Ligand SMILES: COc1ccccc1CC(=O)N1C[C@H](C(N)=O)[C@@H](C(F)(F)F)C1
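Here's a solo chain for you in structure tokens, the form deposited without the ligand.
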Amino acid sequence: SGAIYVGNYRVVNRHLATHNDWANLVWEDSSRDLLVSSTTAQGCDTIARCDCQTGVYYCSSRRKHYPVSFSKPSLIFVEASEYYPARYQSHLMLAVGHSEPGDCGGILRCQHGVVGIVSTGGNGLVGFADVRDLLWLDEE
């Protein structure tokens, strides 16, 4: 589990979004595994605006942050998981690392701020849903 709290937005994995998230929906994309809802309180996170390919991500199933190199966001085939069938996911970045389903929502960050959140795992990779292209998260 986990979210990004930027401005008055809460960015979650679409598959973990709550009823309250859907009732306060700003934007959602199943192909990206993302959903954004509106918040009453302002949040503490800053979104990275950059093309970094190195950062640090939080792994809840290890209680550890790991430094990783990761691919640029692309359209990637993802094998079946506990929460999705086997399918193509867009705007997905991969790194070599540990990820189980409950790790979804852990933050990947670089020197510029939050890059994305854990969205995929298995076979010794961790996949992250990018948010750096969502420039509208920084205003309004």
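One-based numbering along the sequence shown. Rigid core: the largest C-alpha set superposing within 1.5 Å between the two forms.
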*Mean CA B-factor: is it higher for 35-43 or for 69-77?*
35-43
*Higher mean Cα B-factor in the deposited model: 124-132 or 7-15?*
7-15
*If you compare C50, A95, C104, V26, which has the highest Cα B-factor in the entry?*
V26
*Most elevated Cα B-factor in the entry, residues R87, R62, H91, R109*: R87
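A second form of this protein, the form solved in complex with the ligand, is not displayed here; the remarks below concern that form.
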*Clash check, the ligand transplanted in the deposited complex by site C-alpha superposition, 2.4 Å backbone/C-beta*: blocked
*asked:* Against the ligand in the deposited complex, would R49 count as a contact residue? Criterion: heavy atoms within 4.5 Å.
replied: no
*Might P101 be said to contact the ligand in the deposited complex, defining contact as any heavy atom within 4.5 Å?*
yes
*If we check the ligand in the deposited complex, which of the residues in 61-91 reach within 4.5 angstroms of it by a non-hydrogen atom?*
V78, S81, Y83, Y84, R87, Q89
*asked:* Superpose on the core and compare between this form and the one not shown; which one of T46, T39, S81, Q89 crosses the 2 Å Cα shift mark?
replied: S81
*asked:* At a change of 3 Å or more, would you call the C-alpha separation of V68 and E82 in the deposited complex closer or farther than in the form supplied?
replied: farther
